[PDB]
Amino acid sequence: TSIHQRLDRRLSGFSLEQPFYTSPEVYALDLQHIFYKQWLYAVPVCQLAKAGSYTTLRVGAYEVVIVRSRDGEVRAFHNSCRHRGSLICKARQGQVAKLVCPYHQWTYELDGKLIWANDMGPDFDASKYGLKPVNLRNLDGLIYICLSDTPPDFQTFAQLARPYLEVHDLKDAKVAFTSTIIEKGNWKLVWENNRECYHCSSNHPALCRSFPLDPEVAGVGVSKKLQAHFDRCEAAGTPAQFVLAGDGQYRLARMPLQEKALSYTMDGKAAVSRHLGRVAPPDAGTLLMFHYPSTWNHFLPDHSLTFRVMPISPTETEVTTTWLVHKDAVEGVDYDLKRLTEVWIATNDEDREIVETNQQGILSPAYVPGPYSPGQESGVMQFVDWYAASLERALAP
């Protein structure tokens, strides 16, 4: 049975046939046609504070390095020396004056240009051997990248998102904490787990203290209560109302939290007393933003969290959660690290366990697609449709 036959018979209301989650062949397609073609969230721009600042990340097999150039611009490059291929930047992050390959010291300017290569002979044209660039966008303090030489349109999304994101002043953030975990499940299982709160009341004690179980929230017809919340927000100049991509790729919405909760904390109060951004009112709740296939996000009035999904192998996915707070917020004074992070560290561990347990069942040959819940899992259906549709376009001659 071919991939085309599997996609042809796929019905929208059901989880995917086994190979989509477990086969190396579908993983190769997901990499080639999804992760290698769409725009991807990489890191907050505040990680590249000073010029010479760099951060590295792997995308599938690609080795990418992101650096802040001399001119103040942020640029991305393939982290592979044009000489014999070596990684140039081995550390996760750092600062340098120049990009100097540790092998033979071919030296690049922070804009990728090869400015010195020892003893290469008279016929060497350095202009042909600068670092290969990687398409990059700055989404209001959040760095996105695209590995395709023919990137899809980012602008529609950026323009739609700017109003919602700019009120968080992400450019003025610092990273208060980063958590990187590996979940032993296909990247799609990670997203499907993320696009429903069908599993929340049983699996997320801490999260449920502040994050609503309403399917309307964590999922994908605006109710009265919700529109009322949108209104308080927007009356205060804080964009809030539902926005969904034409093609399902992204969604933004500022949702209310559980009664009285202001933030993702055990007591429900703000985690940080010096807010990141100018969100109003204090109880504006959480701006949810997703953008397939790479990222979901929770921007709160006091602090923000980005999540980055990166594929490791058919049955492994790296999830990186970044807590953003105001750059002048002081740990121990303006916030407490444990108190800031504990809820989502626990929620993440609980999701990992769940995803991995899901994956283990799926690996049984007895596993067959099952029906998603119309009322609790329409967001899951929504993601799978976007996924299949994307896969089909890419596979079309």
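Note that residue numbering follows the sequence shown and begins at 1. Note that the rigid core is defined as the largest set of C-alphas that superpose within 1.5 Å between two forms.
In 5 other deposited structures of this protein, rigid core aligned: more displaced of 137-145 and 221-229 by C-alpha RMS: Farther on average in 5 other deposited structures of this protein: 221-229.
Across other compared entries, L213 missing in at least a third: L213: unmodelled in at least a third of the other compared entries.
Size class of the missing deposited segment between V220 and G221: In the record, 4 to 9 residues between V220 and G221 lack coordinates.
Selected stretch [higher average CA B-factor]: 130-138 or 234-242: Mean C-alpha B-factor is greater for 234-242.
Of 258-266 and 159-167, the one with larger mean CA B-factor: Of 258-266 and 159-167, the stretch with the higher C-alpha B-factor average is 258-266.
Residue with highest C-alpha B-factor in the PDB entry, from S86, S294, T317, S148: So the option with the highest C-alpha B-factor is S148.
Options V175, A280, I181, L300 - largest CA temperature factor per the record: The listed residue with the largest C-alpha B-factor is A280.
CA B-factor ranking of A49, expressed as a third of its chain: For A49, whose C-alpha B-factor we compare with every modelled residue in the chain, the answer is the highest third.
Chain thirds of CA B-factor: placement of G72: Ranked within chain, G72 CA B lands in the highest tercile.
Chain-wide C-alpha B factor ranking for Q376, given as lowest, middle or highest third: According to the entry, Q376 has a C-alpha B-factor in the chain's middle third.
Relative C-alpha B-factor of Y198, binned into the chain's lowest, middle or highest third: According to the entry, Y198 has a C-alpha B-factor in the chain's middle third.
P215, C-alpha B-factor rank within chain (lowest, middle or highest third): Top third by C-alpha B-factor.
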